[PDB]
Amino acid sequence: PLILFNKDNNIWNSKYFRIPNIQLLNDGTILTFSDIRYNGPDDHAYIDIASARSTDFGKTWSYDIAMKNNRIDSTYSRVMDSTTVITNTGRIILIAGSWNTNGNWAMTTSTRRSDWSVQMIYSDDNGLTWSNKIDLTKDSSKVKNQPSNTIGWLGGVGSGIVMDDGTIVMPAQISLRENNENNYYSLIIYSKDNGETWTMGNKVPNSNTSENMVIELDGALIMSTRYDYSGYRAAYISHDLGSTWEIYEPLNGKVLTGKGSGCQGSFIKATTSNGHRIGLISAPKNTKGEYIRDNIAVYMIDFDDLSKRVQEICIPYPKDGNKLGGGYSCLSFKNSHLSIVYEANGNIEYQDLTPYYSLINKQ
């Protein structure tokens, strides 16, 4: 596997990299992103977001800082936890959470986190240049239906999707003040104007749900989400673009995640040549438990053959994760090719998994 972001050799002299993201572009360009965790693995620290771009199918890469933090606090200013999407115009949108003080985004404050915002950039030239940062939360002009009891929110970490009519959907995660406690939930946001403005959906049925992605399936939204301390990824389905949700049994509880906290993973849809819609999930098996997050595996479900049990396809990272921060991953599927980026001992690694997709496609 290629070391895409190397803690021991990078142009920022960063000590650590976390939270990878990948988009396979329609023209075969590969675009990735990662947190630049300059001073170490910590979440609550000084972080920018890098991009790495390749025009030779992953052989070589051009590196840039795609988004800088607000530069207010030399210890705690951070933009992090990328969620991306490619719209039907080819626009590439990146949404990140932004803070500049110590303390977990969801649980530190009982009121709206005052240094918290969601920042968005977009590229109309296939990832070469980015807009200025657009602040989606400083006023009420960009995101409709944000709850009054919001402590904070950000993207689901991974990729969004496009519905049939071109509606853009982003997975998201929110922290809500409820009966003198902070509870966190997954949900989605969507845009009907190519990302300029958004509407927030409503929360999923269980708290302790956070990082997630959704796929589209015949107008429905199906979520696979990190469900902390349950031991598995939860799954929900919405038939009204994220306004209501119910448990989606074929995937709910089917990907096990070991003892302890959950972990981010990715969840994408492919259509094989026989017309079947399949779901692919990347996540650590975490057989050793808690933050070890060993064995980042890729799983497959066939939505047109649901009596067939979820199958482990391969394990792209058959190793223990680093307890300081590891386990995260992101798949991207486009034009019968499949790629993954993932955390690997403080680095980000890259693999082309298209040979495994060919095995599934049976051609």
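Start at 1 and count along the sequence shown; that's the residue number.
If you average the CA temperature factors over each stretch, which comes out higher, 247-255 or 141-149?
Comparing 247-255 with 141-149, the higher average CA B-factor belongs to 141-149.
Do the CA atoms of 319-327 or those of 39-47 have the higher mean B-factor in the entry?
Stretch with the greater average CA B-factor: 39-47.
Compare the CA B factors listed in the entry for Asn132, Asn202, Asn212, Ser230 and report the winner.
Max CA B-factor in the entry, restricted to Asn132, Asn202, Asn212, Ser230: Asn132.
Comparing recorded Cα B-factors across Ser238, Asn100, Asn286, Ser282, which one is largest?
It is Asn100.
Would the CA B-factor of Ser358 place it in the lowest, middle or highest third of its chain?
As the PDB entry reports it, the C-alpha B-factor of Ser358 lands in the lowest third of its chain.
Sorting the chain's CA B-factors, does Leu221 end up in the lowest, middle or highest third?
CA B-factor rank for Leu221: middle third.
Considering every modelled residue of the chain and its Cα B-factor in the PDB entry, is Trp61 in the lowest, middle or highest third?
According to the entry, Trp61 has a C-alpha B-factor in the chain's highest third.
What third of the chain does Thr111 rank in for C-alpha temperature factor, lowest, middle or highest?
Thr111: CA B-factor falls in the highest third of its chain.
Where does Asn295 sit by CA temperature factor within its chain: lowest, middle or highest third?
Within its chain, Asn295 is a lowest-third residue by C-alpha B-factor, going by the deposited values.
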